[PDB]
Number of protein chains: 10
Amino acid sequence: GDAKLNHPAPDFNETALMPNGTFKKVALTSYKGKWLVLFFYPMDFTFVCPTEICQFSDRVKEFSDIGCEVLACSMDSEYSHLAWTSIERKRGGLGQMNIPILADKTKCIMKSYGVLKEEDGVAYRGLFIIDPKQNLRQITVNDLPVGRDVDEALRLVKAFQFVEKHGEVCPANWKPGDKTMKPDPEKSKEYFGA
Amino acid sequence: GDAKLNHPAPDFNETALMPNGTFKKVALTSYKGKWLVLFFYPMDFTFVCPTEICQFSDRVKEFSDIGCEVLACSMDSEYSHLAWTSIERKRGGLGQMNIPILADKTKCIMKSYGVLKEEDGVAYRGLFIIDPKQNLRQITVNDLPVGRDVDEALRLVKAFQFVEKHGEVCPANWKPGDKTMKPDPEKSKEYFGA
Amino acid sequence: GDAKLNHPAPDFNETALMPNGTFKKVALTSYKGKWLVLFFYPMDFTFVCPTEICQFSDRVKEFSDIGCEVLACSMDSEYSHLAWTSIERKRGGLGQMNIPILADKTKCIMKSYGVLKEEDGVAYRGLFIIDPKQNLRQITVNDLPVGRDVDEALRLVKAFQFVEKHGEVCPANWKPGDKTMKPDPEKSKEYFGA
Amino acid sequence: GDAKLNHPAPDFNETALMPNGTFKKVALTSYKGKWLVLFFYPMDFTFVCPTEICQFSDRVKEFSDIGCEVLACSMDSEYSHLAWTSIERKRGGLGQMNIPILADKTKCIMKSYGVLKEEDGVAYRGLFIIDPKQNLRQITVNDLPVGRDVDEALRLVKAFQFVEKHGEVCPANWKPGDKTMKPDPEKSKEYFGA
Amino acid sequence: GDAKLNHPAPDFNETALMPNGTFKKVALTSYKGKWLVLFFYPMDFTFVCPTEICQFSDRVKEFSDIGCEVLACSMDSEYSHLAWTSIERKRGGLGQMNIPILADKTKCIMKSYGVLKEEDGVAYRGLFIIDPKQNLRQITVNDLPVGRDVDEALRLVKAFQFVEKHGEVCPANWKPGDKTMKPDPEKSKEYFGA
Amino acid sequence: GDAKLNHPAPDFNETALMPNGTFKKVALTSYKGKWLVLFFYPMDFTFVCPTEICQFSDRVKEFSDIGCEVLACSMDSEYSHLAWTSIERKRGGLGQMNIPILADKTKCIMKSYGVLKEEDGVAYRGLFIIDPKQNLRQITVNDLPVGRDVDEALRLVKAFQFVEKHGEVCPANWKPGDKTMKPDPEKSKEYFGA
Amino acid sequence: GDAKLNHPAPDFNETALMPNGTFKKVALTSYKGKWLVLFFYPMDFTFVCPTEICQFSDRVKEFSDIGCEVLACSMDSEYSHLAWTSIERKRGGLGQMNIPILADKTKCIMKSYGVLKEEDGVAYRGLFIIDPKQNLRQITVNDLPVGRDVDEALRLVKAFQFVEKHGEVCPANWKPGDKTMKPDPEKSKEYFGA
Amino acid sequence: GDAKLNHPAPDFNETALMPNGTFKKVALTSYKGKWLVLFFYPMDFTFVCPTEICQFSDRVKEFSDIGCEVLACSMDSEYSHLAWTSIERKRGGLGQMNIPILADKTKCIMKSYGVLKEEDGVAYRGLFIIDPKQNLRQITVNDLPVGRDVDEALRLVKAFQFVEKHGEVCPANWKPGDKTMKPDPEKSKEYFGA
Amino acid sequence: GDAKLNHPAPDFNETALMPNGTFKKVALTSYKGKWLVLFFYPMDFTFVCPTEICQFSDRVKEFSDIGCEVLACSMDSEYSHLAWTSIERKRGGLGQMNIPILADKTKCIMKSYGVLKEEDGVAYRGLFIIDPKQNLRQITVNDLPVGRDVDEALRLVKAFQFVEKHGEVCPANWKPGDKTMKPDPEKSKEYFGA
Amino acid sequence: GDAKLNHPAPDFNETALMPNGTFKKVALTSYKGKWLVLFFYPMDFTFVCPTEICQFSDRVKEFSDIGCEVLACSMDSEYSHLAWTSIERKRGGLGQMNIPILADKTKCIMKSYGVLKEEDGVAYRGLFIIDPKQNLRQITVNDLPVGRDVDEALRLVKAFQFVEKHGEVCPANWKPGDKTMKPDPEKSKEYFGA
């Protein structure tokens, strides 16, 4: 597919299950002006997937409080989504959700983000960070049996915000409050001494 | 490029700067039987890059002790690498290294991992986790101004090792010692009670 | 797609939800020697679909008693199927099933039977009658809002069986016990006096 | 051929034998505003075919009374049609007809409906339900030795009319007077508890 | 099409209505060793056509007695042929036939003799004279409204036979018993004195 | 070549030997408004050919009197034609001619009427009847050793003229004064009874 | 065409009119071991052409005495050739011939010698000198209205023979008995002094 | 190459050595209104070539006096030409020249006249006669060891001039003062009586 | 690549390390009106390369004083360049530079000058002399182990300036003050007497 | 063309003027085991060219004594070469030569070394250094008006010989007896200090 860093994120406009239980088209352009964490998962009613989806749903506010939305997506229909929502978490369900979930029934969205597993018809665990101008800035794809880390997605969004705001550059392992540096041969000396 | 999850990692055999200061060809097939974290950076003598490279070098043992090697790569010559190694960390140098650094002068390696930034001739911050059978299992690419997290690379390697060892599946945010589950509708019920 | 009357039905070998609740590959060649009614529906957890699926499941024996199996198929995963099976009929579920249901996640089966609705990613209400030599003998496709008739499927299977057994031809509206005729200019005269 | 559900039915304008014994061009666009049942048969002066053609002719009014026309078609010339019309039913003829019969001498119409049997030069038993906007809504194709059912064609036309009139969806085996349901997760509950 | 003088006549093997009222495949190679007059007509149950077909049937013996068979062909089915045969001549029928009539339902035979009228799907009035080695020696094609002349076909066959037998050449308007000449500058002088 | 019935005859404009012994271009469009019999022969100074050419020359008037011209054509130059004209008939010459003879030295005309015998560079005995609108209505091609019949050409022209004038159709063997019929199922009955 | 100096002359094998009035195939390979003057002319029964043909025929012996044959060729048939031969020279005929004349009816020979005038279908006045190994050594082509010179053809053949025999080179205007020179910088000095 | 009789001679515009010892571009269009004899030779400082070149130079006036120029051409540079001009004839030089000599260093001119000997990079002894409208009228090409005849070139130019002036045609061996004839069947008879 | 003599030098506009230690785009068009010596070297921090670069830097003024700039280029980044500049010459560094050094990180500039060594990703020792109209006048490429000569580059620039100023031509080994000659057959004689 | 550094030099086998005044084929493979300086010049009888050719001829021994041959080449014929050799140096000639000179009449050799000036048909001043294994090691091409330097060619050959013999690398301006260095980061320090 079609997703390249520092190019416009592949556009989409697709039916999604909204937090209030309704079906509505969600378009990438509706997130213009915001950061977006778009993430894919393979299949409704499975195993790693609800742990990830529920973690992002429970913690949406950590993202919304810094101007970042989150959006989930899989191959399943809206109706599968809705049904999965109607089962309690203790039975492997989702319960109530605070994030929308796209139903990529044609699989065109996952194809364009380059995360289709062709042999099975499902998405790999791709996560993408899209900025307010709608350009792609970070790509993460896990094989199916290993879940992603929500704290790391949050760290990345924060690091990217920081870079836009201050024109500085974020070192390895950067967390809010750590030292950063200007990407300049002379001014960077301040970072490297002590 | 042609790096796809669960397919053989694109093969390479290229000159590298070795820890002992010599130049030697390093071939992907040398790592057969081990896990490998292969990571790219844009340019010698810059800013984020030495913070990442030095972190992975300082912490190699955390990776070796669990059967995982680490390898770095950039567009620069082996002579640039060596020179950079000869400058102290407090002046923006690398100092002594415990990991090899490939010199991808033809750029064929970064092209094949899909992390060339064509307009500039440099690699994005791509990091790849390759398993002992030499298949690619995890892809991570950051835009240039935001550094990667070594603790997260380690978590992922561990999670993948855990999955291969026990046939179980690793939930969101999994750290060694957390609960896992069997990817089966019936047996997964045990997990969803907690 | 490539489903043509009197040619071999397009071959498939895909995961299915079996009546006993397990997952197993079901291959077209496993029905060699039997008649098969293969039928597609658009989406799990919807409206016309369970009324059809349940009718075929309740009445399997009418088909099995005369050497004819029945097989259902949709775009949804095995896991969606299983979940739907776990909801009671009076809540729009399937309950226990006596028929397998294929999970055509790659959509290759529906593509090959020519019943994909490309814009939505779902199958039209296609029903196919395949004979013991595995050749396709009857094609039926409804638009989504109108359900199929199980009595008419049964009539067709019986008519095709009757034709293979006796070398006669089945007139319009034929039911078991009605007059048939030999497809011969002279011998047909008997039928037409009436 | 190119007959697809919910696309415009393939257009035609061809010589037909009319009920009054004359020859006239009949164009698909003449049926705009009506439902149309278009049906093909292999050969004049054969066996299943007159039983089907006569049934549809005898019962045209059941179709006209509900705003649906019927049209027949085969590979034979107008002159064969006319001749067949001049033989009495008890000798295997058609007698007087109340429906037109197209003479698809070039075979372009059957090609475009996808019901040509290339090896023999004849049409399979294809039956198509076209709506007033001239979109195709139902496809039925039988192998040659098994006739179609007129009552089932009628049921389908009625079901489709019912759906257009009321915005409801017709379950399996639906006949006029049976319960229907709204294709909505919440409003469909009324159907399933009763 | 590909009928060329002095090349093998395009081969065919097709269902025909035989004089005795049965259906049988007739193959061009059956006529090896004989002369053949193959002739096409547009449509069963029409106007010029029966006058030609009946003339050739009545007069077959004039052709058989000199080692020449005759074969008719049209686009219509065997069943049309048979039906037409069952109507008396005074009602525009054929009555009993002494020649076989091919049913070129796929139209492949007329295509290959180059006498298809594409717009209508029917054959022009093509007549072809094929020799015992199965090479084509004479081509005649009339537009539909003008019938052919049987006496002229007979003249041509006789002329061609005469030429094979004696190595002489047949002048304009030659009839049995007229002067012929050797195709030699010197020996032809005998003809031209008269 | 590209001569097809009911299509414009292939156009030509070529040097011809005129009756008065001169050379002039003769163009197909010159014959607009007339019937034309165009006929080809293989070679000047040969055997069948002068018998045909002389017969058509002697009898031109039978054709002119009914609005039909005649034109001859061969591969030879105008100078060969002229020379052949200068030899008396009793020595195998043509003598004085009342018809023009085209000199198709490039062979483009015979190629386009489809009567070139490629291996020898000469025309077969092709004869074509072109109507006043310049459409081709009748094709006749004989192998070289058998001459054509002038009376039959005349019969055909007359039959075609008769059909244009009266809208009737000419049966097998029709001669002026024989019964004809209207090509209509009802009105044709009068021909077939008595 | 394909006639190139010092390459094999384009091969031919075609019907010719022989001196004794018979028709025979003449093949280029028949002249192996001899010199050959092959010459083309546009049309039998014309103007320049017989003056050339008759000159070469009258003077054959001047050529045959030095091991050189001569062969003529045009677009006309053998029968035109023969006829032209039968007219006396004083009436523009050829009379008796001592050279064969090819009849290049397909025009393949003139095409291959590159002397076809496409617009007219005739050969230009091409004359070719072919040596005993069958390689082409001299090309001469005149526009139609200017005849060739026989004495010059003879001079050329003699010059080429002289060159084969002695390994010397023939100056401008060379005639038998004139000075020649060795094609060597030193030995050529003898020619250039006195 | 693309030199064809009666087509425009291939155009050229190339450096030449002029008679006065200077270098100047000579363009074919400069000769418009004149006859031109263009002749090629293989190599400066060789053997046959100076005998030809010197003959044409010595006898230019025989050509100029009748409105015909002459132009020479070879693969050699203008400097080779000049040098050759500086050596006396008695040592194999050219001496003073009255004719320009083109230096076809790119070989494009000889390629276009079709007289390149590809294996050696030199021109064959091609001579071409171009008329005042710049059309090619006569082609002569000799293999390298045999020189051309200047008298024959002159004869040809004269013959062509004669034909353009009087509309008559020049027989074999024609010299000024010989009988010519009108190219007309009737008027040519006067030539053939003698 | 596409560098050809007397064609425009391939255009470039690329980041360079300037003498004052800054990074700036340098475009070929900046040198319009000057002579330019553009020279490539394989790799920063190597062996031959600094001896060449330092020689050209030390001696820039010898080039500037005569209207000629000099520009260096390699595959390495601007940061490698800057670093190399920061090491003293006696440790293998460059020290302060008086010439800019391009950083051809995409390798597009070396590709277009045809000096890429594809297998290694580095430039050969290519040196190019570009004139004030920006046309390429001199190409020099050494294999990697042999350095170029600065005095030769200077000699060439001077020779080319001399030629442009005086319209004379520079002999083998020419140094300022040596004899030159006019490129004219006559005027060159003065040079060759000595 | 296809001359590339460190690839086999383009092969040739062509007529040359040898030192003793004879013509002989000279093949590149004859120089296997020796160094070769191959050099091209534009045109015999010109201006810079003899100064270069004479200077290489006078100084051949400086090259032979160190195992290096020299070979010259131009577009002109052997005969031009020989002639130029016959003129004394004081008149712009070559006199006696000690070096062979190829006559690249087809221009295939200069094409393959990439030094053809297509518009003029002549070679640029290309000079190539080929090693004993026949690989190309140095390319030099001057525009026409500036001659090359023989001392620099000699310097280069010596430098390349030195490098092959000792495995060291030759700095800028290296002359026999100057300091060289080992191409190793550590061992090169000896060169850079003092």
# chains A, B, ... in the order shown; residues from 1 in each chain; ligands from 1

$ residues_around --residues "residue E:160" --least-positions-apart "5" --cutoff "9 Å" --atoms "only C-alpha atoms" --output "PyMOL selection string"
(chain E and resi 131+137+155+165+170) or (chain F and resi 145-146)

$ residues_around --residues "residue E:173" --least-positions-apart "3" --cutoff "8 Å" --atoms "only C-alpha atoms" --output "list in words"
residues 147, 148, 149, 150 and 151 of chain F

$ residues_around --residues "stretch 45-55 of chain C" --least-positions-apart "4" --cutoff "8 Å" --atoms "only C-alpha atoms" --output "list in words"
residues 79, 80 and 83 of chain A; 41, 59, 72, 84, 92, 93, 94, 97, 145, 146, 147, 148 and 150 of chain C; 169, 170, 171, 172, 181, 183, 184, 185 and 188 of chain D

$ residues_around --residues "residue D:158" --least-positions-apart "5" --cutoff "9 Å" --atoms "only C-alpha atoms" --output "CSV table (one decimal) with N, CA and C atoms, in the first residue's frame"
chain,number,residue,atom,x,y,z
D,66,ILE,N,-50.2,-6.4,-11.2
D,66,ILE,CA,-49.3,-5.8,-10.2
D,66,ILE,C,-48.1,-5.1,-10.9
D,153,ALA,N,-41.5,-17.1,-9.4
D,153,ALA,CA,-41.2,-15.8,-10.0
D,153,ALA,C,-42.2,-14.7,-9.5
D,163,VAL,N,-40.9,-4.6,-0.7
D,163,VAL,CA,-39.8,-3.9,-0.2
D,163,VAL,C,-39.7,-2.5,-0.6
D,175,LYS,N,-44.4,-14.9,1.9
D,175,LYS,CA,-45.6,-14.9,1.0
D,175,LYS,C,-46.4,-13.6,1.4
D,176,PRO,N,-47.2,-13.0,0.5
D,176,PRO,CA,-48.0,-11.9,0.9
D,176,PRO,C,-48.8,-12.3,2.2

$ atom_distance --atom1 "atom CA of residue F:6" --atom2 "atom CA of residue E:143"
7.6 Å

$ closest_residue --among "D:24, D:133, D:91, D:34" --to "chain C" --atoms "only C-alpha atoms"
D:91

$ residues_around --residues "residue I:9" --least-positions-apart "2" --cutoff "10 Å" --atoms "only C-alpha atoms" --output "ChimeraX atom specification"
/I:2-7,11-12,28,112-113,128-131,133-137

$ write_last_selection --atoms "C-alpha atoms" --output "CSV table (one decimal), in the first residue's frame"
chain,number,residue,atom,x,y,z
I,2,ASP,CA,24.7,12.4,-19.5
I,3,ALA,CA,27.9,14.6,-19.4
I,4,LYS,CA,29.1,15.1,-22.9
I,5,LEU,CA,31.7,17.5,-24.3
I,6,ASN,CA,30.3,20.7,-25.8
I,7,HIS,CA,26.9,20.1,-24.3
I,11,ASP,CA,22.8,21.0,-13.8
I,12,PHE,CA,22.8,20.6,-10.0
I,28,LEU,CA,25.7,25.2,-11.1
I,112,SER,CA,24.8,12.5,-14.0
I,113,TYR,CA,28.6,13.1,-14.5
I,128,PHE,CA,35.5,18.3,-15.2
I,129,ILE,CA,36.2,21.7,-16.7
I,130,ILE,CA,33.1,23.7,-17.4
I,131,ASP,CA,33.3,27.0,-19.4
I,133,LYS,CA,28.6,29.4,-21.0
I,134,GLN,CA,28.4,26.3,-18.8
I,135,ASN,CA,29.4,23.8,-21.4
I,136,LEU,CA,31.7,20.9,-20.6
I,137,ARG,CA,35.1,21.0,-22.2

$ residues_around --residues "residue C:104" --least-positions-apart "5" --cutoff "10 Å" --atoms "only C-alpha atoms" --output "PyMOL selection string"
(chain A and resi 120-121) or (chain C and resi 12-16+40+73-78+109-111+122-123)

$ write_last_selection --atoms "N, CA and C atoms" --output "compact mmCIF listing (two decimals), in the first residue's frame"
# COMPACT_ATOMS: atom_id res chain seq x y z
N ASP A 120 -4.98 -14.30 4.93
CA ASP A 120 -6.08 -14.48 5.89
C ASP A 120 -7.22 -13.49 5.76
N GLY A 121 -7.00 -12.38 5.08
CA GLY A 121 -8.03 -11.36 4.95
C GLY A 121 -8.19 -10.46 6.18
N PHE C 12 -12.92 -24.68 -3.38
CA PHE C 12 -12.64 -23.90 -2.20
C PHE C 12 -12.18 -24.83 -1.10
N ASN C 13 -11.43 -24.29 -0.16
CA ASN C 13 -11.02 -25.00 0.99
C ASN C 13 -10.77 -23.93 2.06
N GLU C 14 -11.71 -23.77 2.98
CA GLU C 14 -11.72 -22.63 3.86
C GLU C 14 -12.25 -23.00 5.23
N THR C 15 -11.84 -22.22 6.21
CA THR C 15 -12.27 -22.42 7.56
C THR C 15 -13.76 -22.26 7.64
N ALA C 16 -14.40 -23.12 8.45
CA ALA C 16 -15.83 -23.04 8.72
C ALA C 16 -16.13 -23.26 10.18
N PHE C 40 -24.86 -18.29 0.04
CA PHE C 40 -24.14 -17.13 0.58
C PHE C 40 -25.11 -16.18 1.23
N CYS C 73 -22.28 -19.61 3.76
CA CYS C 73 -21.05 -18.84 3.63
C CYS C 73 -21.27 -17.33 3.70
N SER C 74 -20.39 -16.63 4.39
CA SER C 74 -20.39 -15.18 4.40
C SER C 74 -18.98 -14.61 4.60
N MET C 75 -18.90 -13.29 4.54
CA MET C 75 -17.66 -12.55 4.60
C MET C 75 -17.04 -12.54 6.04
N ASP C 76 -17.86 -12.87 7.06
CA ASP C 76 -17.47 -12.70 8.43
C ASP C 76 -16.49 -13.78 8.88
N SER C 77 -15.75 -13.52 9.95
CA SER C 77 -14.87 -14.53 10.53
C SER C 77 -15.63 -15.69 11.16
N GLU C 78 -14.92 -16.82 11.36
CA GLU C 78 -15.39 -17.91 12.26
C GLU C 78 -15.82 -17.44 13.64
N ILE C 109 -13.95 -16.87 -2.26
CA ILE C 109 -14.98 -17.82 -2.64
C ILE C 109 -16.13 -17.07 -3.28
N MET C 110 -16.64 -16.02 -2.62
CA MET C 110 -17.71 -15.26 -3.19
C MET C 110 -17.30 -14.62 -4.55
N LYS C 111 -16.05 -14.17 -4.67
CA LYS C 111 -15.58 -13.63 -5.94
C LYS C 111 -15.71 -14.67 -6.98
N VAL C 122 -19.58 -7.45 0.61
CA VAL C 122 -20.42 -8.52 1.12
C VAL C 122 -21.00 -9.33 -0.01
N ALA C 123 -21.49 -10.51 0.32
CA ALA C 123 -22.09 -11.39 -0.71
C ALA C 123 -23.56 -11.09 -0.89

$ closest_residue --among "I:142, I:152, I:57, I:82" --to "chain A" --atoms "only C-alpha atoms"
I:82

$ atom_distance --atom1 "atom CA of residue J:101" --atom2 "atom CA of residue J:81"
7.4 Å

$ select_by_dssp --residues "chain G" --states "strand (DSSP E or B)" --output "PyMOL selection string"
chain G and resi 8+13-17+23-27+35-40+68-74+101-103+116-117+122-123+125-130+135-142+146+169-170+181

$ atom_distance --atom1 "atom CA of residue G:106" --atom2 "atom CA of residue F:118"
7.3 Å

$ select_by_dssp --residues "chain E" --states "alpha helix (DSSP H)" --output "PyMOL selection string"
chain E and resi 48-58+60-64+78-85+108-112+150-166+189-192

$ closest_residue --among "A:168, A:69, A:119, A:186" --to "chain C" --atoms "only C-alpha atoms"
A:119

$ decode --residues "stretch 55-78 of chain J" --atoms "N, CA and C atoms" --output "PDB file, in the first residue's frame"
ATOM      1  N   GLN J  55      55.055  13.541 -30.716  1.00  0.00           N
ATOM      2  CA  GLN J  55      55.548  13.473 -29.405  1.00  0.00           C
ATOM      3  C   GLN J  55      55.392  12.082 -28.707  1.00  0.00           C
ATOM      4  N   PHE J  56      54.270  11.412 -28.891  1.00  0.00           N
ATOM      5  CA  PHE J  56      54.171  10.022 -28.450  1.00  0.00           C
ATOM      6  C   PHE J  56      55.097   9.092 -29.232  1.00  0.00           C
ATOM      7  N   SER J  57      55.258   9.311 -30.524  1.00  0.00           N
ATOM      8  CA  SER J  57      56.166   8.494 -31.341  1.00  0.00           C
ATOM      9  C   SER J  57      57.635   8.715 -30.954  1.00  0.00           C
ATOM     10  N   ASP J  58      58.060   9.965 -30.822  1.00  0.00           N
ATOM     11  CA  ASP J  58      59.414  10.233 -30.377  1.00  0.00           C
ATOM     12  C   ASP J  58      59.705   9.601 -29.004  1.00  0.00           C
ATOM     13  N   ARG J  59      58.724   9.575 -28.113  1.00  0.00           N
ATOM     14  CA  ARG J  59      58.993   9.149 -26.769  1.00  0.00           C
ATOM     15  C   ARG J  59      58.473   7.768 -26.466  1.00  0.00           C
ATOM     16  N   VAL J  60      58.200   6.936 -27.485  1.00  0.00           N
ATOM     17  CA  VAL J  60      57.687   5.585 -27.199  1.00  0.00           C
ATOM     18  C   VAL J  60      58.501   4.834 -26.152  1.00  0.00           C
ATOM     19  N   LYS J  61      59.824   4.969 -26.234  1.00  0.00           N
ATOM     20  CA  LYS J  61      60.746   4.154 -25.414  1.00  0.00           C
ATOM     21  C   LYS J  61      60.545   4.433 -23.913  1.00  0.00           C
ATOM     22  N   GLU J  62      60.255   5.688 -23.555  1.00  0.00           N
ATOM     23  CA  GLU J  62      59.918   6.020 -22.183  1.00  0.00           C
ATOM     24  C   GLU J  62      58.751   5.170 -21.703  1.00  0.00           C
ATOM     25  N   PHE J  63      57.834   4.830 -22.608  1.00  0.00           N
ATOM     26  CA  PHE J  63      56.740   3.913 -22.289  1.00  0.00           C
ATOM     27  C   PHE J  63      57.086   2.417 -22.388  1.00  0.00           C
ATOM     28  N   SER J  64      57.734   1.990 -23.477  1.00  0.00           N
ATOM     29  CA  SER J  64      58.164   0.584 -23.620  1.00  0.00           C
ATOM     30  C   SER J  64      59.049   0.124 -22.491  1.00  0.00           C
ATOM     31  N   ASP J  65      60.002   0.961 -22.089  1.00  0.00           N
ATOM     32  CA  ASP J  65      60.954   0.571 -21.052  1.00  0.00           C
ATOM     33  C   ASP J  65      60.261   0.201 -19.760  1.00  0.00           C
ATOM     34  N   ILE J  66      59.031   0.650 -19.551  1.00  0.00           N
ATOM     35  CA  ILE J  66      58.312   0.302 -18.344  1.00  0.00           C
ATOM     36  C   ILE J  66      57.101  -0.580 -18.649  1.00  0.00           C
ATOM     37  N   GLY J  67      57.131  -1.286 -19.777  1.00  0.00           N
ATOM     38  CA  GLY J  67      56.147  -2.307 -20.047  1.00  0.00           C
ATOM     39  C   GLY J  67      54.820  -1.729 -20.531  1.00  0.00           C
ATOM     40  N   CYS J  68      54.872  -0.569 -21.199  1.00  0.00           N
ATOM     41  CA  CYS J  68      53.686   0.077 -21.714  1.00  0.00           C
ATOM     42  C   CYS J  68      53.792   0.404 -23.194  1.00  0.00           C
ATOM     43  N   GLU J  69      52.813  -0.038 -23.951  1.00  0.00           N
ATOM     44  CA  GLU J  69      52.738   0.264 -25.353  1.00  0.00           C
ATOM     45  C   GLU J  69      51.859   1.480 -25.582  1.00  0.00           C
ATOM     46  N   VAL J  70      51.966   2.050 -26.775  1.00  0.00           N
ATOM     47  CA  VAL J  70      51.090   3.124 -27.163  1.00  0.00           C
ATOM     48  C   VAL J  70      50.558   2.944 -28.557  1.00  0.00           C
ATOM     49  N   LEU J  71      49.288   3.292 -28.683  1.00  0.00           N
ATOM     50  CA  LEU J  71      48.518   3.069 -29.882  1.00  0.00           C
ATOM     51  C   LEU J  71      47.656   4.312 -30.203  1.00  0.00           C
ATOM     52  N   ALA J  72      47.688   4.770 -31.450  1.00  0.00           N
ATOM     53  CA  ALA J  72      46.899   5.926 -31.862  1.00  0.00           C
ATOM     54  C   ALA J  72      45.751   5.515 -32.777  1.00  0.00           C
ATOM     55  N   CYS J  73      44.752   6.360 -32.895  1.00  0.00           N
ATOM     56  CA  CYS J  73      43.572   6.013 -33.639  1.00  0.00           C
ATOM     57  C   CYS J  73      42.782   7.234 -34.103  1.00  0.00           C
ATOM     58  N   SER J  74      42.283   7.171 -35.327  1.00  0.00           N
ATOM     59  CA  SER J  74      41.407   8.191 -35.858  1.00  0.00           C
ATOM     60  C   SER J  74      40.435   7.630 -36.883  1.00  0.00           C
ATOM     61  N   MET J  75      39.580   8.496 -37.369  1.00  0.00           N
ATOM     62  CA  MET J  75      38.539   8.167 -38.286  1.00  0.00           C
ATOM     63  C   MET J  75      39.049   7.884 -39.726  1.00  0.00           C
ATOM     64  N   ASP J  76      40.269   8.321 -40.026  1.00  0.00           N
ATOM     65  CA  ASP J  76      40.776   8.321 -41.381  1.00  0.00           C
ATOM     66  C   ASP J  76      41.188   6.916 -41.835  1.00  0.00           C
ATOM     67  N   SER J  77      41.251   6.705 -43.157  1.00  0.00           N
ATOM     68  CA  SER J  77      41.755   5.439 -43.709  1.00  0.00           C
ATOM     69  C   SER J  77      43.251   5.215 -43.467  1.00  0.00           C
ATOM     70  N   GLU J  78      43.679   3.954 -43.574  1.00  0.00           N
ATOM     71  CA  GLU J  78      45.095   3.612 -43.610  1.00  0.00           C
ATOM     72  C   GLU J  78      45.850   4.412 -44.647  1.00  0.00           C
TER      73      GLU J  78
END
